[PDB]
file model_34.tsv (TSV, C-alpha atoms and all ligand atoms)
chain	number	residue	atom	x	y	z
A	9	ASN	CA	7.40	3.24	-29.28
A	10	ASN	CA	5.74	2.58	-25.93
A	11	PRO	CA	6.18	5.35	-23.30
A	12	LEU	CA	5.60	2.78	-20.55
A	13	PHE	CA	9.10	1.63	-21.53
A	14	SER	CA	10.83	4.91	-21.32
A	15	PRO	CA	13.20	5.23	-18.36
A	16	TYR	CA	12.30	7.27	-15.31
A	17	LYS	CA	14.39	8.63	-12.45
A	18	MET	CA	12.52	8.04	-9.17
A	19	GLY	CA	14.82	10.07	-6.96
A	20	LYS	CA	18.01	8.05	-6.65
A	21	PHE	CA	16.52	5.06	-8.48
A	22	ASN	CA	16.95	4.71	-12.24
A	23	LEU	CA	13.91	2.81	-13.44
A	24	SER	CA	13.90	1.25	-16.89
A	25	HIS	CA	10.14	1.18	-17.37
A	26	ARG	CA	7.01	2.53	-15.73
A	27	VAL	CA	5.05	-0.65	-14.88
A	28	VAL	CA	4.86	-1.00	-11.09
A	29	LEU	CA	3.77	-3.96	-8.98
A	30	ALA	CA	1.01	-2.60	-6.74
A	31	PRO	CA	1.04	-3.71	-3.08
A	32	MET	CA	-1.10	-6.78	-2.49
A	33	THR	CA	-1.83	-8.79	0.63
A	34	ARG	CA	-1.69	-12.50	-0.18
A	35	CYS	CA	-1.54	-14.09	3.32
A	36	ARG	CA	1.33	-16.53	2.67
A	37	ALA	CA	3.57	-15.08	5.44
A	38	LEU	CA	2.77	-17.70	8.03
A	39	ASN	CA	2.80	-16.38	11.63
A	40	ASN	CA	3.74	-12.93	10.24
A	41	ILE	CA	7.16	-14.23	9.20
A	42	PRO	CA	8.16	-13.73	5.55
A	43	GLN	CA	8.43	-17.16	3.93
A	44	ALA	CA	10.52	-18.64	1.14
A	45	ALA	CA	7.32	-18.62	-0.95
A	46	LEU	CA	7.33	-14.79	-0.88
A	47	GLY	CA	10.84	-14.81	-2.31
A	48	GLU	CA	9.75	-16.95	-5.24
A	49	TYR	CA	6.67	-14.77	-5.80
A	50	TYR	CA	8.49	-11.43	-5.88
A	51	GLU	CA	11.40	-12.87	-7.86
A	52	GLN	CA	8.99	-14.07	-10.56
A	53	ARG	CA	7.62	-10.55	-10.93
A	54	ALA	CA	10.92	-8.63	-10.64
A	55	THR	CA	12.44	-7.14	-13.80
A	56	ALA	CA	15.68	-5.28	-14.44
A	57	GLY	CA	15.04	-1.65	-13.56
A	58	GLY	CA	11.43	-2.36	-12.55
A	59	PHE	CA	9.78	-1.13	-9.33
A	60	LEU	CA	7.97	-3.48	-6.90
A	61	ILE	CA	5.89	-2.61	-3.83
A	62	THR	CA	5.36	-5.35	-1.26
A	63	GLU	CA	2.14	-6.46	0.32
A	64	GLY	CA	1.19	-4.42	3.35
A	65	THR	CA	3.49	-5.21	6.25
A	66	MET	CA	2.79	-4.91	10.00
A	67	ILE	CA	4.49	-2.14	11.97
A	68	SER	CA	3.59	-3.52	15.43
A	69	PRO	CA	1.83	-6.48	17.10
A	70	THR	CA	-1.48	-4.55	17.00
A	71	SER	CA	-1.41	-3.46	13.34
A	72	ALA	CA	-2.85	-6.57	11.60
A	73	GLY	CA	-6.38	-7.31	10.37
A	74	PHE	CA	-5.60	-10.20	7.95
A	75	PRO	CA	-4.15	-13.66	8.65
A	76	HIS	CA	-0.49	-14.49	7.89
A	77	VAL	CA	0.55	-11.06	6.73
A	78	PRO	CA	4.26	-10.25	7.18
A	79	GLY	CA	5.62	-7.88	9.78
A	80	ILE	CA	8.81	-5.85	9.85
A	81	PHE	CA	8.79	-4.94	13.54
A	82	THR	CA	10.98	-7.83	14.80
A	83	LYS	CA	14.56	-8.72	13.99
A	84	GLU	CA	13.45	-12.22	12.99
A	85	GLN	CA	11.21	-10.62	10.36
A	86	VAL	CA	14.09	-8.39	9.18
A	87	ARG	CA	16.34	-11.44	8.69
A	88	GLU	CA	13.74	-13.23	6.58
A	89	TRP	CA	12.86	-10.16	4.51
A	90	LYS	CA	16.60	-9.76	3.73
A	91	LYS	CA	16.53	-13.07	1.88
A	92	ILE	CA	13.61	-11.91	-0.28
A	93	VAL	CA	15.08	-8.46	-0.94
A	94	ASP	CA	18.32	-10.12	-2.05
A	95	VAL	CA	16.68	-12.29	-4.72
A	96	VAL	CA	14.75	-9.28	-6.05
A	97	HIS	CA	17.91	-7.16	-6.21
A	98	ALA	CA	19.67	-10.02	-7.99
A	99	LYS	CA	17.18	-9.37	-10.84
A	100	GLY	CA	18.04	-5.64	-10.82
A	101	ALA	CA	14.66	-4.55	-9.48
A	102	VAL	CA	13.91	-1.83	-6.93
A	103	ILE	CA	11.63	-2.80	-4.06
A	104	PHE	CA	9.77	-0.80	-1.39
A	105	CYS	CA	8.09	-2.26	1.71
A	106	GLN	CA	4.53	-1.03	2.34
A	107	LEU	CA	4.00	-0.20	6.04
A	108	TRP	CA	0.42	-1.05	7.05
A	109	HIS	CA	-1.70	-0.44	10.15
A	110	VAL	CA	-5.34	-1.49	9.84
A	111	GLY	CA	-6.68	0.50	12.78
A	112	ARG	CA	-10.26	-0.48	13.54
A	113	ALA	CA	-10.32	-2.97	10.63
A	114	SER	CA	-9.30	-5.87	12.84
A	115	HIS	CA	-10.74	-8.42	15.29
A	116	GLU	CA	-9.86	-9.97	18.65
A	117	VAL	CA	-8.46	-13.02	16.82
A	118	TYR	CA	-5.80	-10.76	15.22
A	119	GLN	CA	-4.92	-8.77	18.36
A	120	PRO	CA	-2.58	-9.62	21.25
A	121	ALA	CA	-4.57	-10.96	24.22
A	122	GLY	CA	-7.74	-10.42	22.19
A	123	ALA	CA	-7.59	-6.69	22.94
A	124	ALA	CA	-9.70	-4.16	21.04
A	125	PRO	CA	-8.23	-2.66	17.84
A	126	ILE	CA	-7.26	1.02	17.90
A	127	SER	CA	-8.63	3.91	15.84
A	128	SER	CA	-9.31	7.64	15.65
A	129	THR	CA	-12.83	6.74	16.70
A	130	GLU	CA	-14.66	4.46	19.13
A	131	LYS	CA	-17.25	3.56	16.39
A	132	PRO	CA	-17.09	0.11	14.74
A	133	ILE	CA	-17.07	-0.42	11.03
A	134	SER	CA	-20.75	-0.99	10.19
A	135	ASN	CA	-22.15	-4.45	9.45
A	136	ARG	CA	-22.20	-3.59	5.74
A	137	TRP	CA	-18.65	-4.99	5.95
A	138	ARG	CA	-17.32	-8.30	7.28
A	139	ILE	CA	-13.74	-9.27	8.18
A	140	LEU	CA	-12.05	-12.37	6.73
A	141	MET	CA	-11.31	-14.73	9.65
A	142	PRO	CA	-8.34	-17.13	9.83
A	143	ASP	CA	-10.68	-20.10	9.27
A	144	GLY	CA	-12.10	-18.57	6.07
A	145	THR	CA	-15.42	-17.46	7.54
A	146	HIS	CA	-16.42	-13.80	7.76
A	147	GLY	CA	-16.69	-12.16	11.17
A	148	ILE	CA	-18.00	-8.98	12.76
A	149	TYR	CA	-15.77	-5.93	13.08
A	150	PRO	CA	-15.63	-5.03	16.80
A	151	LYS	CA	-15.79	-1.70	18.57
A	152	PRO	CA	-12.33	-0.04	18.46
A	153	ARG	CA	-10.63	1.97	21.20
A	154	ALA	CA	-10.18	5.66	20.31
A	155	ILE	CA	-6.57	6.50	21.12
A	156	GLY	CA	-5.24	9.56	22.90
A	157	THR	CA	-2.59	11.77	21.44
A	158	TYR	CA	0.31	10.20	23.35
A	159	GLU	CA	-0.69	6.84	21.86
A	160	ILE	CA	-0.82	8.54	18.43
A	161	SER	CA	2.80	9.61	18.93
A	162	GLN	CA	3.65	6.02	19.88
A	163	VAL	CA	2.10	4.71	16.67
A	164	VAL	CA	4.15	7.26	14.75
A	165	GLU	CA	7.25	5.81	16.41
A	166	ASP	CA	6.16	2.30	15.31
A	167	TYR	CA	6.16	3.56	11.71
A	168	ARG	CA	9.57	5.12	12.25
A	169	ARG	CA	11.13	1.97	13.73
A	170	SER	CA	9.56	-0.20	11.04
A	171	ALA	CA	11.03	2.08	8.36
A	172	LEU	CA	14.50	1.69	9.87
A	173	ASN	CA	13.97	-2.08	10.01
A	174	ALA	CA	13.01	-2.07	6.33
A	175	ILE	CA	16.29	-0.29	5.48
A	176	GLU	CA	18.16	-2.85	7.63
A	177	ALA	CA	16.57	-5.64	5.57
A	178	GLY	CA	17.90	-3.94	2.44
A	179	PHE	CA	14.67	-2.48	1.07
A	180	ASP	CA	15.21	0.50	-1.19
A	181	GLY	CA	12.44	2.38	0.61
A	182	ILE	CA	9.03	2.17	2.21
A	183	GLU	CA	5.51	3.14	1.24
A	184	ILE	CA	3.07	4.56	3.80
A	185	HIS	CA	-0.33	2.80	3.46
A	186	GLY	CA	-2.71	5.71	3.91
A	187	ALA	CA	-5.56	4.24	1.83
A	188	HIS	CA	-8.68	2.03	1.92
A	189	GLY	CA	-10.19	2.95	5.30
A	190	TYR	CA	-7.25	1.66	7.41
A	191	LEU	CA	-5.71	3.58	10.32
A	192	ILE	CA	-4.39	6.67	8.52
A	193	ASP	CA	-7.59	6.93	6.46
A	194	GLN	CA	-9.62	6.65	9.69
A	195	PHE	CA	-8.01	10.00	10.62
A	196	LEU	CA	-8.26	11.58	7.14
A	197	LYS	CA	-11.90	10.87	6.32
A	198	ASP	CA	-14.57	13.01	7.94
A	199	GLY	CA	-16.94	10.04	7.54
A	200	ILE	CA	-14.90	8.22	10.20
A	201	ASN	CA	-13.01	10.82	12.24
A	202	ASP	CA	-15.43	12.12	14.90
A	203	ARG	CA	-12.67	13.43	17.21
A	204	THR	CA	-13.10	16.75	18.95
A	205	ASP	CA	-9.40	17.27	19.80
A	206	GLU	CA	-6.64	18.64	17.59
A	207	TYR	CA	-6.66	15.51	15.38
A	208	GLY	CA	-10.29	15.95	14.27
A	209	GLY	CA	-12.58	18.53	12.73
A	210	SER	CA	-10.77	20.79	10.27
A	211	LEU	CA	-8.85	19.58	7.22
A	212	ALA	CA	-5.62	20.64	8.93
A	213	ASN	CA	-6.47	18.60	12.02
A	214	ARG	CA	-7.50	15.54	10.02
A	215	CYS	CA	-4.22	15.72	8.07
A	216	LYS	CA	-2.06	15.91	11.21
A	217	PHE	CA	-1.65	12.15	11.66
A	218	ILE	CA	-0.50	11.40	8.09
A	219	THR	CA	1.80	14.44	8.23
A	220	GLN	CA	3.42	13.22	11.44
A	221	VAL	CA	3.82	9.66	10.11
A	222	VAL	CA	5.42	10.84	6.89
A	223	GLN	CA	7.64	13.35	8.69
A	224	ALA	CA	8.87	10.69	11.14
A	225	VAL	CA	9.86	8.22	8.42
A	226	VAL	CA	11.42	11.01	6.32
A	227	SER	CA	13.59	12.03	9.26
A	228	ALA	CA	14.64	8.42	9.82
A	229	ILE	CA	15.49	7.16	6.29
A	230	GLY	CA	15.35	10.21	4.00
A	231	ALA	CA	12.53	11.58	1.87
A	232	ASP	CA	13.72	9.96	-1.35
A	233	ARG	CA	13.14	6.51	0.18
A	234	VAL	CA	9.52	7.29	1.24
A	235	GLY	CA	6.41	6.85	-0.88
A	236	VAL	CA	2.86	7.69	0.29
A	237	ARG	CA	-0.33	5.91	-0.84
A	238	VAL	CA	-3.81	7.43	-0.44
A	239	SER	CA	-7.32	6.90	-1.83
A	240	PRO	CA	-9.49	9.98	-1.30
A	241	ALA	CA	-12.53	8.56	-3.08
A	242	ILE	CA	-12.54	4.83	-2.37
A	243	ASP	CA	-15.53	3.77	-0.24
A	244	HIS	CA	-14.06	0.87	1.74
A	245	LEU	CA	-14.93	0.06	5.36
A	246	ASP	CA	-17.12	3.19	5.65
A	247	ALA	CA	-14.31	5.52	4.52
A	248	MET	CA	-16.00	8.50	2.92
A	249	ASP	CA	-15.22	12.21	2.90
A	250	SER	CA	-17.75	14.97	2.33
A	251	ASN	CA	-15.29	16.60	-0.11
A	252	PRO	CA	-12.82	14.05	-1.50
A	253	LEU	CA	-10.96	16.38	-3.87
A	254	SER	CA	-10.52	18.97	-1.11
A	255	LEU	CA	-9.21	16.30	1.27
A	256	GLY	CA	-6.83	14.94	-1.37
A	257	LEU	CA	-5.54	18.41	-2.13
A	258	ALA	CA	-5.06	19.04	1.59
A	259	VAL	CA	-2.92	15.90	1.86
A	260	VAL	CA	-0.90	16.92	-1.20
A	261	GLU	CA	-0.23	20.34	0.34
A	262	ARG	CA	1.17	18.63	3.47
A	263	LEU	CA	3.47	16.48	1.36
A	264	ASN	CA	4.70	19.49	-0.60
A	265	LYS	CA	5.41	21.28	2.70
A	266	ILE	CA	7.28	18.28	4.16
A	267	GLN	CA	9.46	18.29	1.04
A	268	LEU	CA	10.08	22.02	1.32
A	269	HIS	CA	11.01	21.76	5.01
A	270	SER	CA	13.38	18.82	4.47
A	271	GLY	CA	14.92	20.16	1.25
A	272	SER	CA	14.23	16.87	-0.54
A	273	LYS	CA	11.45	15.24	-2.55
A	274	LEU	CA	9.63	12.09	-1.53
A	275	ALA	CA	10.03	9.01	-3.69
A	276	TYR	CA	6.45	9.45	-4.94
A	277	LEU	CA	2.78	9.98	-4.26
A	278	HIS	CA	0.67	6.93	-5.12
A	279	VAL	CA	-3.07	7.56	-5.60
A	280	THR	CA	-5.47	4.69	-6.11
A	281	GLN	CA	-9.09	4.78	-7.30
A	282	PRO	CA	-12.04	2.35	-7.63
A	283	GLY	CA	-11.41	1.81	-11.36
A	284	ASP	CA	-14.44	-0.37	-12.10
A	285	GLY	CA	-16.38	1.10	-15.02
A	288	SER	CA	-17.32	7.06	-13.51
A	289	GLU	CA	-14.31	7.15	-15.82
A	290	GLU	CA	-14.19	10.86	-16.63
A	291	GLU	CA	-14.78	12.02	-13.05
A	292	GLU	CA	-12.18	9.62	-11.67
A	293	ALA	CA	-9.66	10.65	-14.34
A	294	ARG	CA	-10.17	14.32	-13.49
A	295	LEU	CA	-9.60	13.70	-9.76
A	296	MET	CA	-6.43	11.72	-10.50
A	297	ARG	CA	-5.05	14.43	-12.78
A	298	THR	CA	-5.95	17.21	-10.31
A	299	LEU	CA	-4.00	15.55	-7.47
A	300	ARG	CA	-1.06	14.87	-9.83
A	301	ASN	CA	-1.00	18.51	-10.92
A	302	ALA	CA	-1.00	19.71	-7.31
A	303	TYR	CA	1.87	17.48	-6.13
A	304	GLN	CA	5.54	18.53	-6.55
A	305	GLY	CA	7.03	15.19	-7.48
A	306	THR	CA	6.65	11.72	-8.93
A	307	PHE	CA	3.08	10.40	-9.31
A	308	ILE	CA	1.93	6.76	-9.44
A	309	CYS	CA	-1.62	6.15	-10.65
A	310	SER	CA	-3.48	3.00	-9.69
A	311	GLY	CA	-6.82	1.25	-10.09
A	312	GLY	CA	-8.29	-0.50	-13.14
A	313	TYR	CA	-5.51	0.54	-15.51
A	314	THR	CA	-5.12	-1.44	-18.72
A	315	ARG	CA	-2.17	-1.61	-21.05
A	316	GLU	CA	-3.77	1.07	-23.23
A	317	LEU	CA	-4.79	3.34	-20.34
A	318	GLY	CA	-1.35	3.07	-18.76
A	319	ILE	CA	0.29	4.04	-22.06
A	320	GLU	CA	-2.06	7.03	-22.37
A	321	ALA	CA	-1.50	8.11	-18.77
A	322	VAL	CA	2.27	8.39	-19.24
A	323	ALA	CA	2.04	9.75	-22.79
A	324	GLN	CA	-0.33	12.55	-21.72
A	325	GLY	CA	1.71	13.46	-18.65
A	326	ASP	CA	-1.11	12.33	-16.33
A	327	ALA	CA	1.20	10.07	-14.33
A	328	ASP	CA	4.85	9.12	-14.18
A	329	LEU	CA	4.38	5.48	-13.16
A	330	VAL	CA	1.43	3.09	-13.42
A	331	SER	CA	0.84	0.36	-10.83
A	332	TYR	CA	-1.01	-2.87	-11.58
A	333	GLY	CA	-2.45	-5.17	-8.93
A	334	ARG	CA	-4.75	-7.97	-9.98
A	335	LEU	CA	-3.12	-8.50	-13.40
A	336	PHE	CA	0.22	-9.07	-11.62
A	337	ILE	CA	-1.32	-11.89	-9.55
A	338	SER	CA	-1.85	-14.06	-12.61
A	339	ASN	CA	0.76	-12.64	-15.00
A	340	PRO	CA	4.18	-12.91	-13.34
A	341	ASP	CA	5.72	-11.52	-16.54
A	342	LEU	CA	3.14	-8.73	-16.81
A	343	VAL	CA	5.87	-6.27	-17.79
A	344	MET	CA	6.88	-8.45	-20.73
A	345	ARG	CA	3.29	-9.12	-21.75
A	346	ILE	CA	2.63	-5.38	-21.79
A	347	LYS	CA	5.79	-4.78	-23.84
A	348	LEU	CA	4.78	-7.43	-26.40
A	349	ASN	CA	1.02	-6.78	-26.17
A	350	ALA	CA	0.64	-10.50	-25.42
A	351	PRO	CA	-2.67	-11.88	-24.11
A	352	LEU	CA	-3.15	-11.73	-20.36
A	353	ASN	CA	-4.10	-14.68	-18.17
A	354	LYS	CA	-7.01	-14.65	-15.73
A	355	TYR	CA	-6.61	-14.72	-11.96
A	356	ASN	CA	-8.36	-17.09	-9.55
A	357	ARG	CA	-10.05	-14.92	-6.91
A	358	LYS	CA	-10.47	-17.86	-4.58
A	359	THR	CA	-6.78	-18.12	-3.95
A	360	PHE	CA	-6.06	-14.41	-3.37
A	361	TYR	CA	-5.83	-14.88	0.41
A	362	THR	CA	-5.24	-18.61	0.97
A	363	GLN	CA	-2.09	-19.99	2.60
A	364	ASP	CA	-0.66	-22.46	0.10
A	365	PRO	CA	2.92	-21.48	-0.84
A	366	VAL	CA	2.39	-22.49	-4.51
A	367	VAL	CA	-1.29	-22.89	-5.47
A	368	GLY	CA	-2.69	-19.60	-6.77
A	369	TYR	CA	0.55	-17.89	-5.76
A	370	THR	CA	3.63	-18.99	-7.75
A	371	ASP	CA	2.02	-21.48	-10.17
A	372	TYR	CA	0.70	-18.97	-12.70
A	373	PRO	CA	2.86	-19.62	-15.78
A	374	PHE	CA	5.10	-17.34	-17.77
A	375	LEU	CA	4.63	-16.79	-21.49
A	376	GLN	CA	5.56	-19.99	-23.32
B	1	LIG	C1	-5.80	-9.46	-3.19
B	1	LIG	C2	-5.48	-7.99	-3.10
B	1	LIG	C3	-4.70	-7.57	-2.06
B	1	LIG	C4	-4.42	-6.22	-1.93
B	1	LIG	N1	-3.64	-5.80	-0.88
B	1	LIG	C5	-3.29	-4.48	-0.78
B	1	LIG	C6	-2.40	-4.04	0.20
B	1	LIG	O1	-1.86	-4.82	1.00
B	1	LIG	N2	-2.10	-2.69	0.24
B	1	LIG	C7	-2.64	-1.78	-0.62
B	1	LIG	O2	-2.33	-0.58	-0.51
B	1	LIG	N3	-3.48	-2.21	-1.60
B	1	LIG	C8	-3.79	-3.55	-1.69
B	1	LIG	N4	-4.62	-3.96	-2.71
B	1	LIG	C9	-5.12	-2.96	-3.72
B	1	LIG	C10	-4.19	-3.00	-4.95
B	1	LIG	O3	-2.90	-2.54	-4.59
B	1	LIG	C11	-4.69	-2.18	-6.16
B	1	LIG	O4	-4.72	-0.83	-5.75
B	1	LIG	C12	-6.11	-2.57	-6.55
B	1	LIG	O5	-6.18	-3.97	-6.76
B	1	LIG	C13	-6.54	-1.82	-7.81
B	1	LIG	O6	-5.58	-2.00	-8.85
B	1	LIG	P1	-5.82	-3.07	-10.03
B	1	LIG	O7	-7.09	-2.72	-10.77
B	1	LIG	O8	-4.63	-2.96	-10.94
B	1	LIG	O9	-5.90	-4.44	-9.42
B	1	LIG	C14	-4.90	-5.30	-2.85
B	1	LIG	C15	-5.73	-5.74	-3.88
B	1	LIG	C16	-6.01	-7.10	-4.01
B	1	LIG	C17	-6.90	-7.59	-5.11
call {"tool": "encode", "arguments": {"input": "model_34.tsv", "output": "structure tokens"}}
result
Amino acid sequence: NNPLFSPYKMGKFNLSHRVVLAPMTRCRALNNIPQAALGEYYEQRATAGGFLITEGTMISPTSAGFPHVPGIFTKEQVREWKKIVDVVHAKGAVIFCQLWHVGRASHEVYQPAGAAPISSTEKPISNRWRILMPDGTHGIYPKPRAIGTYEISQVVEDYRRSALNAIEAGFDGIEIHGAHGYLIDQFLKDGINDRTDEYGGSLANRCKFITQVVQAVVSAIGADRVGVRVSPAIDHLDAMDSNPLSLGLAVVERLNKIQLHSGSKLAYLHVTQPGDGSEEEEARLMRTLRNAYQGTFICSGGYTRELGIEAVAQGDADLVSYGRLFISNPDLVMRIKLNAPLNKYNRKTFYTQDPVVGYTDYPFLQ
């Protein structure tokens, strides 16, 4: 009866249901190397024909702003990801790697040689926000270095090489992290991008970086293995746009044009929202971006079982991603299918390093 359990064709991938694991940073990938613990964690959540998105994954030595997040820029990282991808595929699941650059949302402790983080801008995140340090304290975001356009093209190549590494590890595809005030969003949002060259100012200029990143990974691995995540109206790390709907529609137009020029559709567009009870206004934004995009749409942010069912039933979205409920409900798909009670999550262990505690020790349904 439940449309969340109707099958869906995501490009080449035949999904058996519409419940998606949203990407979440958990900081168990010690020294940026995927660990056996990650394999247990993703395997617990994998289902036959279900779609998983990994935690954000570094594309370069300078792309991190969290401790013990995995990378996919070295061959050592590729070898260890392969072991995780294999156990997920042994469950019949489809898995994409999220490619993540934090831009100015970093700190000397996270950068090679303690160098400054990079951004569209030379302005620091304001002291309204604090960065989680490796010792569990909260530190001050430093002044970033505004990069020139050659360096922009080098970052684009980091995305491209990371996408090829993800394919080498056996991932089904990659997702571009263009959300939450990180590097791509620092170019998109006119509340951050103060550039006066061809990457700042107009909507077209502000959309150049995400267009070039998506085009590069499309050319390398094929559009149907590329998803794109954005958040036009999440206020995180001083990310704000004067006209969020207009910015979101401008991004969607770029994606439609990339598809037209390459003769193929992307895997999906993934839009995430605050989702913390603004409900009607947020729902209208989500539906407006979905209606403008020629392809598969994943909605994200505060969805419940009931709101996910409604989203698919009403044609508002094709797939529904869940984040926090998947932390504490490894069998979330099954609980949603059965309408079984959901278990709470322990916020304290979202970002700790233990390979079991708060990570793989949340039980299945009895
Ligand atoms: C601990 C935690 C880590 C997260 N890490 C990421 C991440 O690496 N990349 C990303 O795009 N979103 C990340 N998110 C955001 C989630 O993917 C999701 O969009 C958000 O939690 C809202 O969905 P929900 O209400 O279902 O939890 C994270 C969220 C949490 C709580």
call {"tool": "residues_near_ligand", "arguments": {"input": "model_34.tsv", "ligand": "ligand LIG 1 (chain B)", "cutoff": "6 Å", "atoms": "all atoms listed in the file", "output": "VMD selection string"}}
result
chain A and resid 30 to 34 63 to 64 185 280 310 to 313 332 to 334 360
call {"tool": "atom_distance", "arguments": {"input": "model_34.tsv", "atom1": "atom CA of residue A:88", "atom2": "atom CA of residue A:37"}}
result
10.4 Å
call {"tool": "residues_around", "arguments": {"input": "model_34.tsv", "residues": "residue A:13", "least_positions_apart": "4", "cutoff": "9 Å", "atoms": "all atoms listed in the file", "output": "compact mmCIF listing (two decimals) with C-alpha atoms, in the frame of the given file"}}
result
# COMPACT_ATOMS: atom_id res chain seq x y z
CA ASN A 9 7.40 3.24 -29.28
CA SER A 24 13.90 1.25 -16.89
CA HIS A 25 10.14 1.18 -17.37
CA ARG A 26 7.01 2.53 -15.73
CA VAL A 27 5.05 -0.65 -14.88
CA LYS A 347 5.79 -4.78 -23.84
call {"tool": "atom_distance", "arguments": {"input": "model_34.tsv", "atom1": "atom CA of residue A:42", "atom2": "atom CA of residue A:91"}}
result
9.2 Å
call {"tool": "residues_around", "arguments": {"input": "model_34.tsv", "residues": "residue A:309", "least_positions_apart": "2", "cutoff": "12 Å", "atoms": "only C-alpha atoms", "output": "PyMOL selection string"}}
result
chain A and resi 26-30+236-239+276-283+292-293+295-300+306-307+311-314+317-322+325-333
call {"tool": "write_last_selection", "arguments": {"input": "model_34.tsv", "atoms": "C-alpha atoms", "output": "short mmCIF file (atom, residue, chain, number, x, y, z; two decimals), in the coordinates of the input"}}
result
data_model
loop_
_atom_site.label_atom_id
_atom_site.label_comp_id
_atom_site.auth_asym_id
_atom_site.auth_seq_id
_atom_site.Cartn_x
_atom_site.Cartn_y
_atom_site.Cartn_z
CA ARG A 26 7.01 2.53 -15.73
CA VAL A 27 5.05 -0.65 -14.88
CA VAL A 28 4.86 -1.00 -11.09
CA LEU A 29 3.77 -3.96 -8.98
CA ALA A 30 1.01 -2.60 -6.74
CA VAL A 236 2.86 7.69 0.29
CA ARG A 237 -0.33 5.91 -0.84
CA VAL A 238 -3.81 7.43 -0.44
CA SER A 239 -7.32 6.90 -1.83
CA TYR A 276 6.45 9.45 -4.94
CA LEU A 277 2.78 9.98 -4.26
CA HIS A 278 0.67 6.93 -5.12
CA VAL A 279 -3.07 7.56 -5.60
CA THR A 280 -5.47 4.69 -6.11
CA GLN A 281 -9.09 4.78 -7.30
CA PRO A 282 -12.04 2.35 -7.63
CA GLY A 283 -11.41 1.81 -11.36
CA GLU A 292 -12.18 9.62 -11.67
CA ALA A 293 -9.66 10.65 -14.34
CA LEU A 295 -9.60 13.70 -9.76
CA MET A 296 -6.43 11.72 -10.50
CA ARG A 297 -5.05 14.43 -12.78
CA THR A 298 -5.95 17.21 -10.31
CA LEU A 299 -4.00 15.55 -7.47
CA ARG A 300 -1.06 14.87 -9.83
CA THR A 306 6.65 11.72 -8.93
CA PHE A 307 3.08 10.40 -9.31
CA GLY A 311 -6.82 1.25 -10.09
CA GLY A 312 -8.29 -0.50 -13.14
CA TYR A 313 -5.51 0.54 -15.51
CA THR A 314 -5.12 -1.44 -18.72
CA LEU A 317 -4.79 3.34 -20.34
CA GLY A 318 -1.35 3.07 -18.76
CA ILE A 319 0.29 4.04 -22.06
CA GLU A 320 -2.06 7.03 -22.37
CA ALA A 321 -1.50 8.11 -18.77
CA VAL A 322 2.27 8.39 -19.24
CA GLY A 325 1.71 13.46 -18.65
CA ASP A 326 -1.11 12.33 -16.33
CA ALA A 327 1.20 10.07 -14.33
CA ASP A 328 4.85 9.12 -14.18
CA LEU A 329 4.38 5.48 -13.16
CA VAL A 330 1.43 3.09 -13.42
CA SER A 331 0.84 0.36 -10.83
CA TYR A 332 -1.01 -2.87 -11.58
CA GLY A 333 -2.45 -5.17 -8.93
#
call {"tool": "closest_atom_pairs", "arguments": {"input": "model_34.tsv", "of": "stretch 64-115 of chain A", "to": "stretch 157-171 of chain A", "cutoff": "7 Å", "atoms": "only C-alpha atoms", "output": "JSON lines"}}
result
{"residue": "A:67", "atom": "CA", "partner": "A:170", "partner_atom": "CA", "distance": 5.5}
{"residue": "A:68", "atom": "CA", "partner": "A:166", "partner_atom": "CA", "distance": 6.4}
{"residue": "A:80", "atom": "CA", "partner": "A:170", "partner_atom": "CA", "distance": 5.8}
{"residue": "A:81", "atom": "CA", "partner": "A:170", "partner_atom": "CA", "distance": 5.4}
call {"tool": "closest_atom_pairs", "arguments": {"input": "model_34.tsv", "of": "stretch 199-308 of chain A", "to": "stretch 135-138 of chain A", "cutoff": "10 Å", "atoms": "all atoms listed in the file", "output": "tab-separated table"}}
result
residue	atom	partner	partner_atom	distance
A:244	CA	A:137	CA	8.6
A:245	CA	A:137	CA	6.3
A:246	CA	A:137	CA	8.3
call {"tool": "closest_residue", "arguments": {"input": "model_34.tsv", "among": "A:348, A:18, A:96, A:133", "to": "residue A:247", "atoms": "only C-alpha atoms"}}
result
A:133
call {"tool": "residues_around", "arguments": {"input": "model_34.tsv", "residues": "residue A:272", "least_positions_apart": "6", "cutoff": "9 Å", "atoms": "only C-alpha atoms", "output": "compact mmCIF listing (two decimals) with C-alpha atoms, in the frame of the given file"}}
result
# COMPACT_ATOMS: atom_id res chain seq x y z
CA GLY A 230 15.35 10.21 4.00
CA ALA A 231 12.53 11.58 1.87
CA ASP A 232 13.72 9.96 -1.35
CA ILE A 266 7.28 18.28 4.16
call {"tool": "closest_residue", "arguments": {"input": "model_34.tsv", "among": "A:374, A:190, A:108, A:21", "to": "residue A:350", "atoms": "all atoms listed in the file"}}
result
A:374
call {"tool": "closest_residue", "arguments": {"input": "model_34.tsv", "among": "A:92, A:121, A:182, A:192", "to": "residue A:235", "atoms": "only C-alpha atoms"}}
result
A:182
call {"tool": "residues_around", "arguments": {"input": "model_34.tsv", "residues": "residue A:40", "least_positions_apart": "4", "cutoff": "9 Å", "atoms": "only C-alpha atoms", "output": "PyMOL selection string"}}
result
chain A and resi 35-36+65-66+75-80+85
call {"tool": "residues_around", "arguments": {"input": "model_34.tsv", "residues": "stretch 351-355 of chain A", "least_positions_apart": "6", "cutoff": "8 Å", "atoms": "only C-alpha atoms", "output": "compact mmCIF listing (two decimals) with C-alpha atoms, keeping the file's coordinate frame"}}
result
# COMPACT_ATOMS: atom_id res chain seq x y z
CA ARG A 334 -4.75 -7.97 -9.98
CA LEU A 335 -3.12 -8.50 -13.40
CA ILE A 337 -1.32 -11.89 -9.55
CA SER A 338 -1.85 -14.06 -12.61
CA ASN A 339 0.76 -12.64 -15.00
CA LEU A 342 3.14 -8.73 -16.81
CA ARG A 345 3.29 -9.12 -21.75
